[PDB]
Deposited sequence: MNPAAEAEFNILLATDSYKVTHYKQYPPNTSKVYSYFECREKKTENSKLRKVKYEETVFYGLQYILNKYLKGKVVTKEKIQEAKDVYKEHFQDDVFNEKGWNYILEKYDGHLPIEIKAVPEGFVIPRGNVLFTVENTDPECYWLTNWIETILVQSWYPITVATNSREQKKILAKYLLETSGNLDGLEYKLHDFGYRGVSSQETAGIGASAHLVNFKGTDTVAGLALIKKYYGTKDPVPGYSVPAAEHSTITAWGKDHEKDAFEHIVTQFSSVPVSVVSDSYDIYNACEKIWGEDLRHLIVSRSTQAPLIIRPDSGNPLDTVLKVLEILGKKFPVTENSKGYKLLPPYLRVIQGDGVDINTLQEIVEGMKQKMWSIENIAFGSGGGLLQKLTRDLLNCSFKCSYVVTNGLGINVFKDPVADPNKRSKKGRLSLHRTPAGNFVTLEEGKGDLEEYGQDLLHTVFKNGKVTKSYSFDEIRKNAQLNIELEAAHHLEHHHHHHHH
């Protein structure tokens, strides 16, 4: 069973001996720190953490003893605030005396702004604010996945609109392939849910249950998939029978969209000779609602996509849309799902546009790039103490390392506001109390063991929309 007393960085066990004596309040904040691009971030994921790990009775006698036992061996020493944890158990029935205020989930906020704050609500528990830094900071992951996914949606939107004149089906243009490529089952669920803030297409099934349990949607599920082959289901037919494999699969899935990986042996032969000739008659007969999607999966992503389109364009009746771009017949599409990340995505759609191919023809799948190839320093997600009360006097605190101004932290009690021009500003040093900048956008989401404000996944999606969708 999960034990919050064992869910922190080891050294934090020792911090109650280190703060100034007579400290009654430790107040800390989280930001995606600005760096001398990712200029705005999607705030998403805290609600999962609050419900799964922080709310309710999270301290018991048994958990205190278990922690005591582990730390004794781990430190080879008795450092451990047993009295501190006992207090929480006795006074608050094991509920955390903490208040957390946060910007609404889905909000899109420029770098360098307060996203949430944390403070103890009982003077005895000054040490608890930063005990839970470690667990709260892990919100960097769904923030970064949601943000990186949204940035890719921006690229797709721009090129889809330019080459086709609209944004139809944009929400299905980037599919989550990342399940096998992440570091754990829990990560899979979290990462997949964050991608679903921006898109509807996913094969990472774990995301669905997480959304259902922690956020909720009006619709039965937040994400969808389609039948698709893998190399095993083609190669199992044997090298000489790729055509048989292709024919069997498209016939089994005759009335729904189906994707077929076509690069097992020779992607170009597959497109030109197998799909383009031998099996052409099984393709041109398909419904617009059930296209064949040809999937290359190797080689230079841009070069391969262009060559595949060139091949298909000569075997199938291509049209020219109102924007002047080439368009495959509606029963035929392509998906590139190898080596796609935000950089290569950009390179492919720009390459397609140069060669006069509509973005309508293509979709993208991304695995490692979408859910795993990300770190906390991408957006500099960071949690820092900015205000303490010692001997009844509040003081504004911060770090400001001499060799790295990028690492300076904010001072005092913080609040987030709309500017007169409608942008965002974070007020420091309790200046939000002057009430010159309207209402604080941070809301109490957690207080004394209770989740006090929640958002549906539908609300979050609304908050995270692109401007171009809004227009």
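Peer 1: Would you list the gaps, meaning deposited-sequence stretches without C-alpha coordinates, in the order they occur?
Peer 2: Unobserved in coordinates, per deposited numbering: 1 to 7, 44 to 52, 488 to 501.
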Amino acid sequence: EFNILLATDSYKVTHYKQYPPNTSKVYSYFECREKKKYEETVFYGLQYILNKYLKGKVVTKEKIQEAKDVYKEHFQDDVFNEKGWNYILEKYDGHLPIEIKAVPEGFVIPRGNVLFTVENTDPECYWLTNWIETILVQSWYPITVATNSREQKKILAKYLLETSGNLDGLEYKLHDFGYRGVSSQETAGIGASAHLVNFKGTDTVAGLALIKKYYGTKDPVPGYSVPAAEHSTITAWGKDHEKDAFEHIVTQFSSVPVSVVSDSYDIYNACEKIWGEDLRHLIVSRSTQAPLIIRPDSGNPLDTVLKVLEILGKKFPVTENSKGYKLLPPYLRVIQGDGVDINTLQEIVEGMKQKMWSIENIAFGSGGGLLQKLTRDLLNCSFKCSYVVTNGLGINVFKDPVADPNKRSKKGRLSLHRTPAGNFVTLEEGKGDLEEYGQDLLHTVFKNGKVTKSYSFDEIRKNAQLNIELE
From here on, numbers count along this sequence of modelled residues.
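Peer 1: Taking only the other compared entries that model residues on either side of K36, decide whether it is unmodelled in at least a third of them.
Peer 2: Yes, a third or more of the compared structures omit it.
Peer 1: Can you tell me whether 297 to 305 has a higher mean C-alpha B factor than 174 to 182 in this record, or the other way round?
Peer 2: Mean B over CA atoms: larger for 297 to 305.
Peer 1: Would you tell me which stretch averages the higher CA B-factor in the PDB entry, 45 to 53 or 66 to 74?
Peer 2: The deposited B-factors put 66 to 74 ahead on the C-alpha mean.
Peer 1: For the CA B factor values reported in this entry, which option in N269, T163, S255, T375 has the top one?
Peer 2: Among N269, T163, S255, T375, the PDB entry lists the largest C-alpha B-factor for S255.
Peer 1: Among the choices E429, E31, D404, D433, identify the one whose CA B-factor in the record is greatest.
Peer 2: That would be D433.
Peer 1: Ranked by Cα temperature factor within the chain, is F424 in the lowest third, the middle third or the highest third?
Peer 2: CA B-factor rank for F424: middle third.
Peer 1: Classify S456 as lowest, middle or highest third according to the C-alpha B-factor given in the PDB entry, relative to its own chain.
Peer 2: For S456, whose C-alpha B-factor we compare with every modelled residue in the chain, the answer is the middle third.
Peer 1: Which third of the chain does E320 land in by C-alpha B-factor: lowest, middle or highest?
Peer 2: Middle third of the chain for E320's C-alpha B-factor.
Peer 1: Thinking about Cα B factors across the chain, which third does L441 belong to?
Peer 2: Tercile = highest for this residue's CA B-factor.
Peer 1: Among all modelled residues of this chain, ranked by Cα B factor, put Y92 in the bottom, middle or top third, i.e. lowest, middle or highest.
Peer 2: Its C-alpha B-factor belongs to the highest third of this chain's values.
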